[PDB]
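Accompanying notes for the structure given below.
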Ligand code: CLA
Ligand code: CLA
Ligand code: CLA
Ligand code: CLA
Ligand code: CLA
Ligand code: CLA
Ligand SMILES: CC1=C(C/C=C(\C)CCC[C@H](C)CCC[C@H](C)CCCC(C)C)C(=O)c2ccccc2C1=O
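Residue numbers (full-length UniProt numbering), protein chains in the order written: chain A, 589 to 735; chain B, 53 to 196; chain C, 2 to 81; chain D, 10 to 751; chain E, 53 to 142, 157 to 190; chain F, 63 to 227.
This is the structure in structure tokens:
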């Protein structure tokens, strides 16, 4: 991420001819947050708005799509198995006692994900949300600016 | 000592009931029955939640898994100083007895028991995983 | 079913047997230690893998080891 | 019939510094001293866990009583500092003359390393940090007009702080009450209802009637503060008071002759807001505290102590017995007189819920002069007291579970309300589980529906006011009913309690103080988000309490304790089954739910209430974009977070540049916390082994063996940093924003 | 035993359930499938017509919504069929068997589509 | 000059930067009185700002196109062109203090290992001993080297515990 932020910001300023912005604003971390992430999101998040939409609405939608998959990964990484296995046990009780639904039944006993599985599942959501968020921003910021 | 025979007509403690009891598993796979003698009527804690009163004399309870039976056994033994025993009961009507397997609780050494899964070496003397590779299944060096 | 092994460094303290919440372990006579008793694992089909026995073993390194293996209704600790 | 009496023990403990030099003395485990670094953390973790140090209830109660004196002494130092800094490092006197143009400020920084730029231009020929605590408005309402009056209160605050610390020492080392003393719940309620709340309300009514009302009546008239009569002149000279309020010419005879209507001039029932200052009438506030004083003084004579008359709390509980609930409330009295945790669980729950109610009522009915038009103070106070209420409620779940593990005894609870609740916990959690899933789909799914329809160019298919509509008809009906209350249901009230119900706006100094709030489709959607996130927080906390002792997974969870990491990887894995971990998870969801509450408040106020009044009309800070934009997740990202964070990220080089730094620093602490949440101590203990080897190689290895934090401390360290970083990020963003534009 | 409760154990509730097609034993599984399918199929058309993407078209709204309700019944019929295949591979009621459920799924498809068609005829 | 940089004293952008900062301070000044407390504080800030820009130019720093001082880290370039005070000299300034702190702590840790209860000497510091070791650390580089040559600086490989391999 640091490598690709560095490559992208140093090139956007070159492609606009104003390399001085990177030279001046890149020496402190507020410049990155202000002049790179916040400044270049203006067109992305306007892909669709209460007045209409344009060709960037797919990247605007994918941008939030990434934030959601990323945040969902936190659930598998922060909360661990013991909580969920005990919650599923009341769901098993509820199904068996519900009339007109206990006629249907499962063949595989429901259980919580394993300890190792949830780390992979959480890491997969974390990575996917990571990738899709920056891919939408990278393409939208670069293409809208010039393309 | 001889293997006890379960009496299905044994009275059960005074308990209102709860939602933490047996499920459909008991009717299809198995369930567990714990029995003991009570010197006097007393209140104890059900592993499934709530409080129950044990009748004086024999008592019988049914639980969904073995750990629940042995959790109640620890309470009765440690606090009320009783001596319970529980079985495994199958839907076909068969009854299997366990704990105490030979009548003496496992914490106390008893003659006649045969050592099982005992390795006459230390943990540090196991072979490397490469030497148990392609043995037909995932096998730890401790198994061999 | 999990795999439980007792190694010859056992001192026969009986703490593993007391700790086990499923009566998987028991003590048997032995001549390899002062206590003249050794831990045994005759009922590993009821083991759930909690590793309370390993928490209770005083010897270093452990004299009782649990290797989680194939899952089942009993080893997965299910009441349904 | 044990008599209610004072009972103490003489010199229970000796005052010596011996134990100050022996860390861990309180606990048997830690008294032996450290061998690993884990000992150090255990010392601080168990310092205030009195119930685990000793099994004697009397010894526990005595420590609690004196530890409370220490808390009171600390608040007085804090309160004294706030009053002192107002006297010596504030522009309060200048603010009194020009409240609408001068920004309150009570903190000044020294000129070092170039930090003097934080001393901004606040007005009144003064440089300092602008404050949002609202102390200037509070002082004006009480009648404070000089820095001398502020200075004297600070000195009194320190004397009270010294008295509080003496009381704690006295009632632990010299005269410690016995256990039977602490268990007079009937007596304590009588004194705390009629004595603490009752006389406290009456005493404050005396101040308002004799000091606040005369002073604020002249201040509103435009009199120079220095030329107003001093409060003691108003007290000694009935002639002066008669001029302001003619009712004082008749003395107290009307009170004793029941001609209470004579006092109508200063005991009013106007309702609404004072047009000059935009705050509640102080004459209304005085009649409020006089009425509240009588209600509580009557409330303090309900319980029987020593003279027969009154109620026995045990008898009330045992009489309320129905057909559906078995024994009923039997056994609760013994629970609530022998378990401190049970008392703490109730008190935290309602004290926290009260703090949240304070936040809603203070913004809607601004009780202080010039509080409403100070948008920074309005935003800060609402947000502060919502966070306080949120943490207290989560604590209520924490200490309800502690009671369930430690103080719960089945023998005393058989077939009573408490027992029967445990016996259908699966029914409760399974139903509450479904409600949360239902609310998540039908509230957050609507936002996803709108976001997808908007991105597809189908605005007519969205849930909005110009499309498929979701009107809060029930809330709108209540707004109209309260707006018409003075006509028929509250005839003697001149105006509605709040201007949120309806009517006309009140503007002070060209800015809106309060105006009707309209509820539309966006308000419908956001409110059902609140219900969703609150219900989930209940699920997590209630589940922890009901399953604290046992579950279908761990049948003997009580023996493991209240705070343990797991029961091992068996049964598929049992990480985070303890009731402590349900508080740990509940903290995240409380933070998630209150963040939306304070974002809802911030955007709604700027969009629809706050603004500048002009000839044409009201122009709001964000120009009424809440209604059309807050129905999509993209709208919140763009219009709220991205647009309003402009102020904080442009703060460098100005007096607000501090908020910019804390905005970044808060982002850092939050991300730093994910290291503890996403990892486990197994990796870190092995890492320390290699690090220790390097120190051993250089003969510089410590005697106290380094250890990776425990499993539980990793989760506690993670959530504490997660909360601090997240909350501080919003704190910087709110203040830099509202101070800059508001 | 289990926690007794009026909802779980009441006379009026028990009688109502015993008359539902699912619990009414002695009826051929195919006939129960038709009876159940008709009820659900008739209701399934409602939401599609009123809130579908073509809801504001005067005459196309009825056709499009009902045609989508017919599609969902077809998908549900597949779910019923494969459920029987997995569940019953090797008891008192004929329905809970490999032979019974296959007839049940077929009846649901016939009844469900008839209900969707019958719902359309009511509109026009 | 070096790497295309120019002395700040000769830099146009550097001079313009000083005016911008002083102009900002002056703008705030004119809303106060001549000798009021806020005015005096602002004037003090302006004096430090003028002094700072004179000192950096007098120090012979290099300014880039941004007109901000840049530091030279290569020892050869620093000593060649008199920039030793930017990084090179402060490098040996820090190491002396860093070694001082580390050496003093190591001496104290060895001292208490001989005591009966070393652990209690770590939570509860032996202040008389610590002050004694604090002063003797001024000669740590001499003492540190002599330990290295005598072979008592490092433990023996056979006296250090390691995991199975
Ligand atoms: C100088 C007076 C004095 C002395 C010598 C003692 C001595 C003793 N007290 Mg007593 N005590 C005193 C004053 C004193 N007390 C006061 C004023 C109170 C009222 C609060 C108490 C209340 C009290 C209680 C309730 C208990 C004792 C106990 C003790 C014993 C151990 C105390 C200990 O380890 O403290 C060392 C602890 C500290 C130095 C911590 C100080 C905490 C204070 C409150 C300051 C809090 C600051 C706060 C955290 C600031 C924010 C932090 C943030 C900025 C980071 C010992 C016999 C304990 C006992 O007898 O146990 C058997 C015990 O339970 N004392
Ligand atoms: C009219 C009598 C009265 C009053 C006014 C109070 C007031 C208070 N009690 Mg209560 N209490 C009373 C009777 C009273 N109590 C009786 C009869 C009992 C025995 C059954 C108790 C037992 C009790 C306990 C066990 C505890 C309290 C606590 C408290 C405090 C709660 C926190 C708060 O609101 O601080 C508001 C703060 C103030 C109003 C300022 C400081 C206190 C002022 C000066 C009022 C002092 C009232 C005092 C009783 C008067 C005599 C003191 C002394 C000369 C003998 C509060 C100060 C809690 C506490 O915090 O204790 C330290 C606590 O733990 N009380
Ligand atoms: C707790 C609240 C409170 C208090 C303290 C006061 C106090 C006062 N009110 Mg107010 N008032 C209140 C609430 C309060 N009011 C409320 C709620 C209302 C609305 C109904 C009013 C309405 C009201 C009116 C309409 C008037 C007052 C007035 C007064 C003053 C004279 C009262 C009087 O005649 O007392 C009569 C006698 C006593 C109170 C007994 C005094 C006993 C002394 C203190 C005993 C001392 C004994 C000691 C041993 C001697 C010293 C010895 C030593 C030097 C050696 C007095 C300052 C009057 C006034 O002057 O207003 C400016 C007045 O006209 N009040
Ligand atoms: C009236 C309030 C109140 C009181 C009196 C208590 C009292 C108690 N609680 Mg409870 N609790 C409360 C509110 C309260 N709680 C709330 C609101 C929550 C929800 C968060 C909890 C959650 C909670 C848990 C989860 C636990 C307790 C426990 C305890 C017990 C031991 C606490 C201890 O040793 O702390 C020692 C104190 C510390 C180690 C200091 C903590 C420092 C925090 C993390 C700092 C956070 C940041 C700071 C505030 C600001 C920035 C600082 C800066 C330096 C960067 C004790 C009986 C523990 C127990 O075992 O009870 C039986 C326990 O497990 N409480
Ligand atoms: C954005 C992140 C995120 C999301 C989406 C969720 C979602 C959920 N959490 Mg989790 N959680 C998170 C972060 C998140 N969490 C984090 C960071 C933590 C650690 C602190 C936790 C800790 C936690 C706990 C401890 C609990 C939850 C619970 C829940 C559930 C709430 C009730 C529900 O079912 O709502 C409905 C579901 C949603 C709103 C998810 C999104 C649904 C989309 C918008 C619509 C459906 C899609 C549609 C069918 C199309 C699919 C097409 C595809 C198949 C091709 C839900 C599954 C609670 C629970 O299980 O309650 C029953 C619960 O107990 N979470
Ligand atoms: C961290 C590694 C590093 C690097 C990449 C450089 C890079 C450079 N150094 Mg520096 N230098 C370093 C560390 C380094 N130095 C250290 C640790 C010291 C000792 C404290 C010096 C001492 C030093 C001197 C005395 C001189 C340089 C010079 C140079 C430049 C050309 C020669 C050179 O060093 O080639 C690449 C570097 C290396 C292969 C690493 C070792 C370099 C040695 C120590 C110095 C070589 C000097 C060289 C023989 C001079 C010949 C004349 C020159 C004009 C061509 C070049 C910019 C020369 C200069 O000012 O040129 C303008 C010069 O006179 N350096
Ligand atoms: C980073 C990390 C660690 C390692 C962190 C540790 C060991 C804490 C470090 C605390 C401080 C920095 C060390 C002690 C400092 C001394 C008090 C001495 C300081 C002297 C002066 C410099 C003040 C864990 O132990 C851990 C455990 C469980 C889950 C996650 C994690 C985790 O993420």
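Heads up, the beta-carbon is just placed ideally off N, CA and C, and yes, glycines get one too.
For residue 54 (chain C), the enclosing alpha helix (DSSP H) begins and ends at 53–57. Listed by position along the chain, the residues with Cβ atoms less than 7 Å from a non-hydrogen atom of ligand 5 are A:656, A:659, A:660, A:662, A:663, A:666, A:667, A:671, A:675, D:442, D:445, D:446, D:449, D:450, D:453, D:454, D:457, D:545, D:548, D:549, D:594, D:597, D:598. Of B:172, B:72, B:164, B:107, the smallest CA-CA separation from residue 87 (chain B) is found for B:107. At least 7 Å separates the beta-carbon of residue 59 (chain E) from that of residue 173 (chain E). An exposed status is given to residue 684 (chain D), since fewer than 16 other beta-carbon atoms sit within 10 Å of its beta-carbon. The straight-line gap separating the alpha-carbon atoms of residue 189 (chain D) and residue 176 (chain D) is approximately 20 Å. Rounded to whole angstroms, the Cβ separation of residue 13 (chain D) and residue 193 (chain D) is 5 Å, and the two are in contact under 8 Å. Distance from the Cα of residue 204 (chain D) is smallest, within the candidate group D:90, D:310, D:370, D:502, for D:310. Beyond the five residues adjoining it in sequence on each side, residue 750 (chain D) comes within less than 6 Å, by CB distance, of 630 in the same chain, given in chain order. For residue 214 (chain D), the Cβ falls inside the 6 Å cut-off from some heavy atom of ligand 3. In the DSSP annotation of this structure, the continuous segment of the alpha helix (DSSP H) that includes residue 718 (chain A) starts and ends at 703–733.
Here residue 30 (chain C) carries a strand assignment [DSSP, helix/strand/coil]. Nearest to residue 705 (chain A) by alpha-carbon distance, out of A:636, A:664, A:716, A:688, is A:664.
By alpha-carbon distance to residue 658 (chain D), the top candidate from A:592, A:622, A:616 is A:622.
For the 7 Å CB-CB criterion, residue 635 (chain A) and residue 627 (chain A) do not form a contact. In this structure, the beta-carbon distance from residue 109 (chain D) to residue 518 (chain D) falls below 7 Å.
Residue 140 (chain B) sits in a strand when the DSSP states are folded into three classes. Under DSSP, residue 597 (chain A) takes part in no beta bridge, so it has no partner. In this structure, residue 179 (chain E) sits away from residue 97 (chain E), with a CB-CB distance that is not shorter than 7 Å. Restricting attention to D:334, D:313, D:335, D:332, the CA atom closest to the CA of residue 325 (chain D) is found in D:313.
Close to residue 681 (chain A), with beta-carbon spacing below 9 Å, are these residues of chain B in chain order: 71, 72, 75. The criterion of a C-beta distance shorter than 7 Å is satisfied by residue 6 (chain C) and residue 194 (chain B). Rounded to the nearest whole angstrom, the C-alpha separation of residue 212 (chain D) and residue 678 (chain D) is 46 Å. In this structure, the CA atom of residue 667 (chain A) is about 9 Å from the CA atom of residue 590 (chain D). Per DSSP, reduced to three states, the secondary structure at residue 151 (chain B) is coil, with no helix or strand assignment. Under a criterion of Cβ atoms nearer than 8 Å, the residues of chain A adjacent to residue 128 (chain F) are, in order, 608, 611, 612. With respect to the C-alpha of residue 15 (chain D), the residue from D:217, D:186, D:692 having the closest C-alpha is D:186.
Residue 403 (chain D) and residue 596 (chain D) do touch by the CB rule: their CB atoms are close to 6 Å apart, below 8 Å. Closer than 7 Å to the CB of residue 53 (chain E) there is at least one CB belonging to chain B. In its chain, beyond the 5 residues on either side, 114 have a beta carbon closer than 7 Å to the beta carbon of residue 189 (chain E). The DSSP assignment places complete alpha helix (DSSP H) segments of no fewer than 4 residues inside the stretch 320–365 of chain D at 322–328, 341–345, in order along the chain.
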